[PDB]
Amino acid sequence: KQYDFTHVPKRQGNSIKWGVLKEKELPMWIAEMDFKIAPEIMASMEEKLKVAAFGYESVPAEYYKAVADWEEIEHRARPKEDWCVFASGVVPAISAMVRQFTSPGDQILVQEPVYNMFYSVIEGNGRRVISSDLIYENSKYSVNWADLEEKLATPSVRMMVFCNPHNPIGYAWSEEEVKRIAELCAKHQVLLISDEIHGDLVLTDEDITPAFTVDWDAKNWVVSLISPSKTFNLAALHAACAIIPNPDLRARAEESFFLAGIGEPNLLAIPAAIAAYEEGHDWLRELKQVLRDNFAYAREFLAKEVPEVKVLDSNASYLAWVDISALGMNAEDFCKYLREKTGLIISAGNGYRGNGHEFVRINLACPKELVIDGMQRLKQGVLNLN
């Protein structure tokens, strides 16, 4: 390989993932990777530090050009650069747009189970979550299209937060799916906020369909949100981008980002994001193969060794979604037991709502040696359930 995917980066003491651990505990919960970032990103960060003065920065045209170039090359989906607006994070941009584009008490639609932060930003802002729950049958999730449309058609339903690809299930929607969702939203005058943060991590020979690509009959109703954070192991960089084709919505979102204090870059966001999006292609290619290898190992190991659990077929993300229903234990209980008995720390599905209490989420973006250790621990934990 061209890059290092074998050694775990040594963190400083205030790391969430690696701080405040007990001896020999193995964290596989929170969505950050245990790989070094692309050295091309590191080089840009080092060069920027050498300025040795960190005053106010603008977002340059080159930022948006980088975003468009990356989407073109990786997804054959080139947005117009004028559509693009810097924000310091995806979830903060969602929070700002909740406040700008809905009123207190309004309902915002999601598809449960889904990323727990969506509930926080909706409910924390005094909006109300409504779900069109994903249907779970024969170990796969699907949409109830009539139920989704009925809910979208509700007067008080004003926005849809769409996870594309969908976390935690790891599903990159088909083109026809994304188009149908956009069409339904536009039809019912519902803003479609498409959170595309996992969009570079499709592991099959498929690709995402960014919301911004939909036909002009619906394109004015959509916002696509992307960031290098998940793709490149840069949660703390605080660089993201909203892609908003409608100019009036775009102006208003931009104002909302400035109000929230999320519209101006920190001292690294610009050079580091530009380096990721212009020079990170090769590193990503290699990462995807490391991830495929890890998922293949996990799937084979659990199928053969722990038939009590079922790793869902998923096509995107570095997070495995594992049906633990056959164990007959609430996931929160199971994960607490597992950590106590084995030191393995994985995420309980409960906070994703939907049917999440029957699932655990396992982060596989780590060296193979850590995956092996974790699988062994998970097995021992299930075996010891007596």
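Numbers for residues come from their place in the sequence shown, where the first is 1.
Two stretches are in play, 135 to 143 and 167 to 175, and the higher mean C-alpha B-factor belongs to 135 to 143. In this entry, 305 to 313 has the higher mean Cα B-factor, the comparison being between 305 to 313 and 149 to 157. Across the options 63, 337, 35, 70, the residue with the most elevated CA B-factor in the record is 337. Sorting 283, 216, 86, 83 by the CA temperature factor given in the entry leaves 216 at the top.
Among the modelled residues of the chain, residue 99 sits in the middle third by CA temperature factor in this PDB entry. Residue 29: CA B factor in the highest third of modelled residues in this chain (values from the PDB entry). When the modelled residues of the chain are ordered by their C-alpha B factor, residue 229 lands in the highest third. Residue 257 sits in the middle third of its chain by CA B factor, as recorded in the PDB entry. When the CA B factors of the chain's modelled residues are split into thirds, the value for residue 289 lands in the middle one.
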